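Reading through the structure tokens given below for one structure.
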Amino acid sequence: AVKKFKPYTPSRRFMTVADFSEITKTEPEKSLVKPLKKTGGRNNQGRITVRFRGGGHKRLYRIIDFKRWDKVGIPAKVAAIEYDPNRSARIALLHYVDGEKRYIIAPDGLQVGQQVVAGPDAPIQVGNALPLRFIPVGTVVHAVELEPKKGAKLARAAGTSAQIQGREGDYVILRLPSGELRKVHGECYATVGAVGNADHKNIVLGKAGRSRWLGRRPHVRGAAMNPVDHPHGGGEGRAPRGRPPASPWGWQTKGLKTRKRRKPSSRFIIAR
Amino acid sequence: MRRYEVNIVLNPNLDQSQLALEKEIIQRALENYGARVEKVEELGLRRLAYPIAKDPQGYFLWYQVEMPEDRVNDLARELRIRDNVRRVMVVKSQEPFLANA
Amino acid sequence: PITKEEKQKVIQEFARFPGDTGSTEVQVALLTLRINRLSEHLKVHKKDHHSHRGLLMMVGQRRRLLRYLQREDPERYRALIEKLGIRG
Amino acid sequence: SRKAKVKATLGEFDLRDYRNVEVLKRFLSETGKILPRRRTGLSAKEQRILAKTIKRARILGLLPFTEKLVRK
Amino acid sequence: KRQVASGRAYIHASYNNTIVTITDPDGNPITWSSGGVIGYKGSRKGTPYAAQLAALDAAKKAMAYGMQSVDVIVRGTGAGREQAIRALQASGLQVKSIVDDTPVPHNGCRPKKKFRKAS
RNA sequence: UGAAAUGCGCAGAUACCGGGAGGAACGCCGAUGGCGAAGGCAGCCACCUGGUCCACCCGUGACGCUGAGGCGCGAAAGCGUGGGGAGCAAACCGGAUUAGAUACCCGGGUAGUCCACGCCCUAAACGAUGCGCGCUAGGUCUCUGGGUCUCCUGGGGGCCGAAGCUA
RNA sequence: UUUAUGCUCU
Ligand SMILES: [Mg+2]
Ligand SMILES: [Mg+2]
Ligand SMILES: [Mg+2]
Ligand SMILES: [Mg+2]
Ligand SMILES: [Mg+2]
Ligand SMILES: [Mg+2]
Ligand SMILES: [Mg+2]
Ligand SMILES: [Mg+2]
Ligand SMILES: [Mg+2]
Ligand SMILES: [Mg+2]
Ligand SMILES: [Mg+2]
Ligand SMILES: [Mg+2]
Ligand SMILES: [Mg+2]
Ligand SMILES: [Mg+2]
Ligand SMILES: [Mg+2]
Ligand SMILES: [Mg+2]
Ligand SMILES: [Mg+2]
Ligand SMILES: [Mg+2]
Ligand SMILES: [Mg+2]
Ligand SMILES: [Mg+2]
Ligand SMILES: [Mg+2]
Ligand SMILES: [Mg+2]
Ligand SMILES: [Mg+2]
Ligand SMILES: [Mg+2]
Ligand SMILES: [Mg+2]
Ligand SMILES: [Mg+2]
Ligand SMILES: [Mg+2]
Ligand SMILES: [Mg+2]
Ligand SMILES: [Mg+2]
Ligand SMILES: [Mg+2]
Ligand SMILES: [Mg+2]
Ligand SMILES: [Mg+2]
Ligand SMILES: [Mg+2]
Ligand SMILES: [Mg+2]
Ligand SMILES: [Mg+2]
Ligand SMILES: [Mg+2]
Ligand SMILES: [Mg+2]
Ligand SMILES: [Mg+2]
Ligand SMILES: [Mg+2]
Ligand SMILES: [Mg+2]
Ligand SMILES: [Mg+2]
Ligand SMILES: [Mg+2]
Ligand SMILES: [Mg+2]
Ligand SMILES: [Mg+2]
Ligand SMILES: [Mg+2]
Ligand SMILES: [Mg+2]
Ligand SMILES: [Mg+2]
Ligand SMILES: [Mg+2]
């Protein structure tokens, strides 16, 4: 669910928080397998290269396991489900029979205390990782690799997933969370199930400050600027765009496509 | 527990060796969900009225069983996981209804 | 469903005497069994209103009896309830 | 108009067994439809039992769902 | 791009027109015609005579690539059906069979207001 | 289509074949039938579950009937949050018709139609016939139980009708 | 597939 508040202040009236009942003995995280210190910095070497960032709560980085072939065959028990501030999804601490501990992005359903495993073997149930080629066509899946052995990249956002649609050569055909139909190599690992914490999309920040906590500084409209600053600056009492709506740097921002045309990747795609 | 007849249609192009492979998992899954077999009728290949999986023919299997009813649904889901298992119809057993007699 | 010996168990346990297969309590108790069953079914299948209808009927019936019993014998009313956990 | 009611065309059959085609495939038409009561000679109760099973067989792949009208 | 003896004939018969495509044994159309190809516009094409004229222009072009036998297949009601079936037989092409494959849903998509009427 | 026009099509359409995607509805059976208190319920399978009838005459011993309030359910449309969207289709655009045509016919087409959850509480929600019980000729058709299985008996669904009722 | 309409009191 999602937590609501009686309006005992404005903003608290619309404010809505995440449900943390799914969260098992978190609080203190697992200092070992993560965390590392997280270098919080809003610009590159010198200059701001992404506007409107900075501030917001300090964070410890949980170094999660986005490649599971690392431990083929070795099963493991799910010890806890934890809060991770560095992603929308929740994380699951799992103890391997090895005695090795690793975090995984907690899939929807994944219960505390169940066994998990990865490999060409691997029962087709929730939490288990397999090379795409060995997953029954039609199953939903998450944390997919885009190229073999390069680590998961796709469907890692809270509530996201991907469907295996068919096979074609050493490639299988996924339908990515974006809706794009893509061919991915069969050797690429995926893990069965959707991501979970899917109520995520339904929280309401409620106030300006709430955005400040997440590290988002106020965003100012070109419309409020001067010509020096933005295509939309200037006028003299409000103003339509007076030209095709543009970004501070001049390019159009309503329709104009941006994907590089001649791109090797193009040969493996087929949708929106 | 209840008596269910269990119909399973398999890929016809499988070889006698594979066919046994696909048939051992059935039998284990059958046992893992709590089914105690009774009869059995492996009519084998059979001509189909319409192509299932683009294959005019299909290899048939038929089991009578007594399993806990609260696990029949799950069983069917499991039996179907195989690609060489192209259809399953679990049906609760019935005393035959006769005519002309 | 409530199986034969399953309901038999109850019949015997409440019978006012070996042979009693439909006294006030044996009925009340009997109903109580189905009610608690359905009540747990509806908790799961809540958009199943038709079945909930019967529930009301089984509940209403049970009440009528208990009102009769508490009218004729205010003793085995406490007794019956206490033993069943009813009237909240 | 003519022909027999069919029920009087075969001996003692189990119209609950959805597996024996030959008995059943005679209750279908040229095109493949379930035959009306006025040609199966079955009763109210028997016609339901029949269809219910005729459907099952179809799913199984034994009985057809439809077939073309031959030589019109 | 070839000359094949054994073939297959298709009759599409709608209220508004009749169109006949003649295919190879595999279904690949060898040549086709319709009420409009004959020379008619408007509703003249929905005629049984337009269907006849049509099915002949079909067969005639078929025999060009060497067409002898067909397995005539009709789809859809309409005034084209029979006259189109007849016409074929009455010129070269021996009709090895006459199948009716007019597609019908087991209650699939809702139809247009026009073809629904009752409930 | 009445006839057409808009529309689509030599940028390869319609017709035909093979592959794939996706949504919705379930042909024959099917009935003038069945079930439900009503709204209403129709491919198949399994699980959970309500009502109901019959046979036996076994148990309680009037424990009944109705029911102002209350509570629950309540077609379609409609509303909120998500999803879903193939066909259809208010609105809207275009083509025709006409004196005009914001319609009727045609080509497009968005909400909606579908799912989850939560609201809305309407209706020719109709048998325009509140519920329970006893009493007052029969004929025939049908569904479904039991029968000493031509006939009898119980519960339903129809028609014709004694007596009586009715403008 | 083209039509709509018929003043007031008797
Ligand atoms: Mg720099
Ligand atoms: Mg530096
Ligand atoms: Mg520097
Ligand atoms: Mg958001
Ligand atoms: Mg702003
Ligand atoms: Mg300014
Ligand atoms: Mg400056
Ligand atoms: Mg400028
Ligand atoms: Mg400007
Ligand atoms: Mg101004
Ligand atoms: Mg026409
Ligand atoms: Mg076809
Ligand atoms: Mg053109
Ligand atoms: Mg044009
Ligand atoms: Mg060209
Ligand atoms: Mg096609
Ligand atoms: Mg009824
Ligand atoms: Mg009705
Ligand atoms: Mg029942
Ligand atoms: Mg007695
Ligand atoms: Mg006594
Ligand atoms: Mg009052
Ligand atoms: Mg309510
Ligand atoms: Mg409603
Ligand atoms: Mg509605
Ligand atoms: Mg809506
Ligand atoms: Mg919506
Ligand atoms: Mg218009
Ligand atoms: Mg106009
Ligand atoms: Mg004028
Ligand atoms: Mg008019
Ligand atoms: Mg229209
Ligand atoms: Mg349309
Ligand atoms: Mg609105
Ligand atoms: Mg009311
Ligand atoms: Mg009504
Ligand atoms: Mg009135
Ligand atoms: Mg009445
Ligand atoms: Mg009343
Ligand atoms: Mg009955
Ligand atoms: Mg009988
Ligand atoms: Mg009667
Ligand atoms: Mg009458
Ligand atoms: Mg009279
Ligand atoms: Mg006037
Ligand atoms: Mg007048
Ligand atoms: Mg006037
Ligand atoms: Mg006057």
Q: Could you check, for the stretch A:204-224, whether at least one of its residues is within 16 Å of RNA strand F (Cβ to nearest atom) and surrounded by 15 or more Cβ atoms within 10 Å (Cβ to Cβ)?
A: yes
Q) Do we have D:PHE27 as more than 17 Å from B:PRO96 (Cα to Cα) and out of contact with any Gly (no Cβ under 9 Å at 6 or more places or on another chain) here? A) yes
Q: Please list, ordered by first then second residue, the pairs with beta carbon atoms under 8 Å, 6 or more apart or interchain, first in the stretch A:32-56 and away from chain B (no Cβ under 14 Å) and in a loop (DSSP other than H, G, I, E, B), second within 16 Å of ligand 1 (Cβ to nearest atom) and of a type in the set (A, V, I, L, M, F, W, C).
A: A:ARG42/A:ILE48; A:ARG42/A:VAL50
(Q) Yes or no: the stretch A:234-249 includes at least one residue that is closer than 30 Å to A:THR16 by Cβ and out of contact with any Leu (no Cβ under 7 Å at 6 or more places or on another chain). (A) no
Q. Across the stretch B:79-101, what is the total count of residues that are more than 14 Å from chain D (Cβ to nearest Cβ) and free of Cβ contacts under 8 Å to residues at least 40 places away in the same chain?
A. 1
Q: Answer yes or no as to whether B:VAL91 is in contact with a strand residue (DSSP E or B) (Cβ under 7 Å, 6 or more places away or on another chain) and under 24 Å from A:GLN125 (Cα atoms).
A: no
Q.
On the basis of being loosely packed, with under 12 Cβ neighbours inside 10 Å and of a type in the set (D, E, K, R), does B:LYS54 make the cut?
A. yes
Q) Across the stretch A:226-266, what is the number of residues that are more than 30 Å from A:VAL184 (Cα to Cα), away from ligand 5 (no atom under 16 Å from the Cβ) and among the polar types (S, T, N, Q)? A) 1
Q: Grab the strands (runs of 3 or more DSSP E) fully contained in the stretch B:1-78, keeping just those with 1 or more residues being within 14 Å of another protein chain (Cβ to nearest Cβ), among the hydrophobic types (A, V, I, L, M, F, W, C) and within 12 Å of the chain's Cα centre (by Cα).
A: B:2-10, B:36-40, B:59-67
Q. Within the stretch E:30-84, restricting attention to residues that are without any contact (Cβ under 8 Å) to a residue 24 or more places away in the chain and of a type in the set (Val, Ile, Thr), which residue is surrounded by the fewest Cβ atoms within 10 Å (Cβ to Cβ)?
A. E:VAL37
Q) Among the candidates A:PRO227, A:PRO264, A:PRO245, which residue alone is in contact with a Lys or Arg (Cβ under 6 Å, 6 or more places away or on another chain) and either away from every other protein chain (no Cβ under 14 Å) or away from RNA strand F (no atom under 16 Å from the Cβ) (or both)? A) A:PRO245
Q: Can you give me the ranges of the helices (runs of 4 or more DSSP H) entirely in chain D with at least 2 residues that are within 11 Å of another protein chain (Cβ to nearest Cβ)?
A: D:21-24, D:44-60
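With ideal geometry, Cβ positions are generated from the backbone for all residues, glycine too; neighbour counts draw on all protein chains shown. No value in this document is a laboratory result; all are computed from the given coordinates.
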